[PDB]
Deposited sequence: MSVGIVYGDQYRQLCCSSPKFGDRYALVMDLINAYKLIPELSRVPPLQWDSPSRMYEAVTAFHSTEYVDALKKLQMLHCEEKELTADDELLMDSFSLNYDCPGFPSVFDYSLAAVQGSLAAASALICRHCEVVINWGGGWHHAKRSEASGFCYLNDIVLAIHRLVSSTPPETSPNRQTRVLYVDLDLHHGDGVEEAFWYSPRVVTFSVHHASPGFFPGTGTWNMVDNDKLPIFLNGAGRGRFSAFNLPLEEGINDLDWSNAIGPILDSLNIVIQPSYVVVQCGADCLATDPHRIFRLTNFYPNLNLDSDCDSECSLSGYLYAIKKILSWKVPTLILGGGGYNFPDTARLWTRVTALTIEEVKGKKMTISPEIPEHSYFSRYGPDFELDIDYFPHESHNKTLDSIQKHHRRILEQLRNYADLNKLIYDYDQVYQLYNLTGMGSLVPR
C-alpha cells in the first residue's frame, strides 16, 4: 500500500512553527478534500517508551549537547523572562538564532518530523507499505550540532540511518529535489558508500547554503569517495529542461547502485510561483511537472521509497503540488486511476485557493552536457571503488 504520515497531535505540532504556519494543514486537507485519504494507509508517528529511548534515537545523528540545547530553548520560550547572556551564547554556539529562532514548541515541532520519518522508515522495513509519504518531514539542512535553514533536527538522516541499519548489503539512494542543496544529508553520509546522495538545486554566489557546486567538485571522502552527487542549475529552468537534466542521472544511479530503498526530498520551492522566484517548475499533469516526471520515474523502479516534503513558501501552491504527487503515487504503486478535478473541491481551506480555485498553479510557461559527462565519470569511479558491475554502454546511452 501507499502510506502517509498524519495524526491529530502530529498536525498540531507540524503547524506550530512561525515559518511554516499552517502549511501542513492545507496540504493534508487538500488531499482529504480530493478523497485520497481512504486510498492511503495512515502511518502513525513514532512515540517512545522513555526520554532515554527518545535521546538514543535522536543522538544516532545529533549530539546530546545539541539536543539538550534545543530542549532548553523550548523551555525558555515557554517562560515570559528573556534569555540570560549565557543562555544567548549557548544558543549561538548551536546556531539557534536569527533564521532558526526559538519558539514555544521548537523542540516538539522538530521532533515531530523525526517521529514521522522514523515511523515511515519502519513501515517500509516491515513491508507494510511499498511507499510512505511524510509531508511534515524533509528537513535537509540540520547538522549534528547545528540548526540551519529553518531545520532543527534532521529527520532525513535519522530515517536513512534506520533504513541502512535494518539488515544484520543495504544501499540507500537519496534524491533531493528542493531548490536548495541538501547539505546536511550529504555531509552526514560523506564517508559512507552505502548511502549515495544526489541533490539537484540552484547554486549561485551568495545563494544559500553555498555548497553543491564547484569549490574543484568534491564528491565524498574516504570509503565514501564519489558517493555524493550534485547538479547545480542556473536560474529560470523550466519543467522540460529540468526533467531532461535529471532524468538520465536518476536512471543511471538506479542501474549502477541497485538501491534497497530510495528516499526523496520533494521541497516545493522550485515552483514558478514560490516567492524565491528562481526555477519555473509547475504541478501540471497533462508540459509535465518536473516533480511529477521525477517521482513517476523513481516509482517505476519498484524499490521501497520514502517521499518527504521540505521547502515551499507558497502554501496553497505547495498543497497543489503535493496533492498531485500523492495522487500520482497511488496511481503508480496500485495501478488504480486517481482522477483529480481541475477545480479545487470545497473544504475548510477553500478560500486560500482564490481567486481562480483551480488545481494547476497560476503560471503560463552546454553547461548541462558538461555536468552529465562529469556525473557519468563519477558514477564509473563510484562503481569501480565499490566493485559494482554494470554495463557502461547501457549507462552512457541514457545520456
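For this chain, the deposited residues without C-alpha positions form the stretches 1, 170 to 176, 224 to 231, 303 to 314, 394 to 401, 436 to 446, given in sequence order.
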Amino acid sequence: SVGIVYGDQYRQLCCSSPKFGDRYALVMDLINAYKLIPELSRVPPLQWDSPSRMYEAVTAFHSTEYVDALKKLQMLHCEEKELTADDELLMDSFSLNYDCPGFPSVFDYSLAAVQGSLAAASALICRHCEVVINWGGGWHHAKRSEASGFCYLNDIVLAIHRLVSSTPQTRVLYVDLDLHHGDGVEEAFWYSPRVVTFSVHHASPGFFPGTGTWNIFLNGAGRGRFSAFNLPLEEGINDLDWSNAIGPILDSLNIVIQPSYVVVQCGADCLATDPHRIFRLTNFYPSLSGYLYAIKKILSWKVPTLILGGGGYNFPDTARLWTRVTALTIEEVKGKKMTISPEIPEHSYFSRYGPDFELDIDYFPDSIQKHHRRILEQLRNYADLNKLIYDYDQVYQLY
From here on, numbers count along this sequence of modelled residues.
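Across the other compared structures of the same protein with both neighbouring residues present, residue 275 carries coordinates in every case, with no third of them leaving it out. Per the records, residue 287 is among the residues left out by at least a third of the other compared entries, whereas the shown structure includes it. In this entry, 79 to 87 has the higher mean Cα B-factor, the comparison being between 186 to 194 and 79 to 87.
Higher mean CA temperature factor between 138 to 146 and 276 to 284: 276 to 284, per the PDB entry. Taking the deposited Cα B-factors for 69, 58, 28, 338, the highest one is held by 338.
In the deposited entry, the Cα temperature factor of residue 43 sits in the middle third of values across the chain's modelled residues.
Split the chain's modelled residues into thirds by C-alpha temperature factor. Residue 215 is in the highest one. In the PDB entry, residue 296 places in the middle third of its chain by CA B-factor. Ranked by Cα temperature factor within the chain, residue 24 sits in the lowest third according to the deposited record. Residue 369 sits in the highest third of its chain by CA B factor, as recorded in the PDB entry.
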